[PDB]
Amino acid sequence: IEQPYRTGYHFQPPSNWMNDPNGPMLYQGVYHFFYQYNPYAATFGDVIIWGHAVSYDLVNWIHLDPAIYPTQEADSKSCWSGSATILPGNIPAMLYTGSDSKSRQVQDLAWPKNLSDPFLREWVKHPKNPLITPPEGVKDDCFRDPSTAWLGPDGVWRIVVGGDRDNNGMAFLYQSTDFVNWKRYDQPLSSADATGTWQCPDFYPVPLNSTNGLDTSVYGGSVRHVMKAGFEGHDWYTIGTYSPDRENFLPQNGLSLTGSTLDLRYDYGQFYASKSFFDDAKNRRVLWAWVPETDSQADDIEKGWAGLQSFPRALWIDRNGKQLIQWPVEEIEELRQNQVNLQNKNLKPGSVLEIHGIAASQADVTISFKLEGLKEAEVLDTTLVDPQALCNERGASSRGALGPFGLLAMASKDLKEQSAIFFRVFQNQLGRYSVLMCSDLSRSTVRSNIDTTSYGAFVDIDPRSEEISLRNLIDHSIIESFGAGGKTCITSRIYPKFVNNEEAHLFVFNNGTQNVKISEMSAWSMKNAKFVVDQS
């Protein structure tokens, strides 16, 4: 079993290092994907260029040669993350952070040189680069990742650039009318104290009471804005109201981002540098995210590659407008082969049921539980509790009233190694229920020097009138868990040892003391994605 950790349907370069997804966009019918890439190793390098790939369905990709790589003094040292904006006149403009001769972080411009090439292979840079340089009180290593631009109703472009002032992270706002001459706006679009540099900021609108996407330049009352930023190792976000005129963003929760258990995240596991883009062809917003390796660097060099991209997911605001919902883009269903189905099956306490006839290491699993005896739910007020802490304290082996009940993905025939994605149900002294979702990567592998931290998050649903549901995209070294239709997502990287010889298995289990009935569960074996390489 050669290369037992490569994904079968997730995006990743033929080899080497890949990180931050770059300038995602849908242009002239072709889905363009770009990514931070090191052409020389399975490790970050001094020379990072923009990898390129195209697709007609976000599932099968054609690898192309790099698009943006050092060719100016404005980016002589490296080409880092950025975003693609399609200006009126239908011309994709790429704004990105370059590392110039004097190792400063500057904002550069670039656009397709051959606009009649469906794959937009060759890219040309503006002579005036860098179009923006670190403002007054900003360090030269704390100003990067320009976002996709949005055109104000006053016909003026706007973009946010990550950074910070006195370690206080922020989204610096800039304006322009020609997309070349940018003027910095006195205050940032959003801030947070002592969070360190803000990375890959993303700012976009979301239609209320709708599951569709909106182009970046939509404003209204039936629209809310999302200020996303990456800091302290995760991607945080906050839904609020944006006034392009007054030029201020007011978070709904009335709270500035913290990076505390009070703020929201897209995913709660391995998920970084996330960036969305609008798919006008299907009127939806697609979210791309880098999923870092969790094994050793030695391991990376060994297997010859590092970095994966979460499967593209659709994004929209929840019906209650308090949080965002994500779901794998529908095209993924095209990879489904045969199906195994379970219905009205009861998981008695201490059980472990094996799903048969599935490509256990490359599958799409959906399960929905019907709870029995909520009354017996353990009493725990989760007001200030940290779910990741809790999932790490109580793994799959920690039996409870209701829970742990869920799945055992990428597991050994003998369960020596297993990744448990499960739920727990609690109740406070007031009889109110809380649902916890876990990814117990603790026993995921017996190998050493592998990060086996477990991830966790509470799921916002009333188990007293909703079946707790879970969907897992299992693809060798990555498992993406979607709890309750997209309200709680957890991406995990697992490197079990058995994969090197024996095959993987899939189990449903209940290690609680209460019964849980599988109202229904459906699993499909996922066929490989097509990745043709057109380079040289």
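Note that residue numbering begins at 1 and tracks the sequence as displayed.
Mean CA temperature factor is higher for 42-50 when stretches 42-50 and 25-33 are set side by side in the entry. In this entry, 508-516 shows the higher mean Cα temperature factor of the pair 12-20 and 508-516. Note on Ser492, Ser55, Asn500, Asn472: the highest value goes to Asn500, judged by CA B factor as recorded. As recorded in the entry, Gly220 carries the highest CA temperature factor of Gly220, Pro328, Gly406, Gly269. Per-chain ranking of the deposited C-alpha B factor places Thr445 in the middle third. Sorting the modelled residues of the chain by their CA temperature factor places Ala289 in the lowest third.
Ranked by Cα temperature factor within the chain, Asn168 sits in the highest third according to the deposited record. Remark: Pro244 belongs to the highest third of its chain, ranked by C-alpha B-factor as recorded. When the CA B factors of the chain's modelled residues are split into thirds, the value for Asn346 lands in the highest one.
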